[PDB]
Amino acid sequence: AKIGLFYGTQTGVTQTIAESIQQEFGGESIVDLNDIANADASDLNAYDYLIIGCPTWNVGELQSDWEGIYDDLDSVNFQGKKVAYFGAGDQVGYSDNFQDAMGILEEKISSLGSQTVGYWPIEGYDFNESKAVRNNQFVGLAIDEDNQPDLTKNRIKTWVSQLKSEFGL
C-alpha cells in the first residue's frame, strides 16, 4: 500500500484504533497495518507516507515496543516523507503527561527530516501538560478510550478526512 501504519500496543486499544483508521482510509489496498513489535526500523523506508501510533505508558513513556526500536530510527532517512501520528492516553489519570509518547516520537522523527501532517485541536480535551502539544495544537490525533470513548469514532472519521487531502488521496 502507499501508506504504512506502524503501531505499538500494550492492552490492545491502539491496535483497535489502527484498525479503524485503516478501515476509514479504505482497507488493505490503501493502508498497510504493521505492528512495530515485529518490525525492523528499515521497514519504514518503504513508504512515502507513514502513520505512527503509540499509547503513552507508565510515567509519560513510550509503549515498550516503540521503546525498543527508538534508537534504530536514526538509521532511517525520513527526508521527504510525510508522517501523521495518533496515540491513546488518559487525560484524567495522567493529566501532566497526556499523550507524551506521541510527542516524543514526533520530536524524534521530525528531527530526522520528515514533515508532520495531521495537527489536531486541543480544545476537546482537559489536561495540564503534554509533550505532544505545539503552539496550542496536538501534533496528531489524541484518542482517550478511558474517558471519552463516545468521541473516538467521530474523531477518527474527521482526522482521516483531513489526512486524505494531505496524503494526496
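Under this definition, the rigid core comprises the largest set of C-alpha atoms superposing within 1.5 Å between the forms. Start at 1 with the first residue shown and count on from there.
Asks: Determine, for 55-63 and 127-135, which one has C-alphas that on average lie farther from this form in 4 other deposited structures of this protein; superpose on the rigid core first.
Replies: Farther from the shown form on average in 4 other deposited structures of this protein: 55-63.
Asks: Test of understanding: from the entry's C-alpha B-factors, which stretch has the higher mean, 48-56 or 30-38?
Replies: The stretch with the larger mean CA B-factor is 30-38.
Asks: Between 73-81 and 95-103, name whichever shows the higher mean Cα B factor according to the PDB entry.
Replies: The stretch with the larger mean CA B-factor is 73-81.
Asks: If you check the C-alpha B-factor for each of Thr116, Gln137, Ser130, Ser111 in the entry, which is highest?
Replies: Result of the comparison over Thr116, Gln137, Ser130, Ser111: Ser111.
Asks: Going by the entry, which of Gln148, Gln10, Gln22, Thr158 has the most elevated CA B factor?
Replies: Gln10 has the highest C-alpha B-factor of those listed.
Asks: Lowest, middle or highest third of the chain for the C-alpha temperature factor of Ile3?
Replies: Ranked within chain, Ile3 CA B lands in the lowest tercile.
Asks: Looking at the C-alpha B-factor of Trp66, is it in the lowest, middle or highest third of its chain?
Replies: CA B-factor rank for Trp66: highest third.
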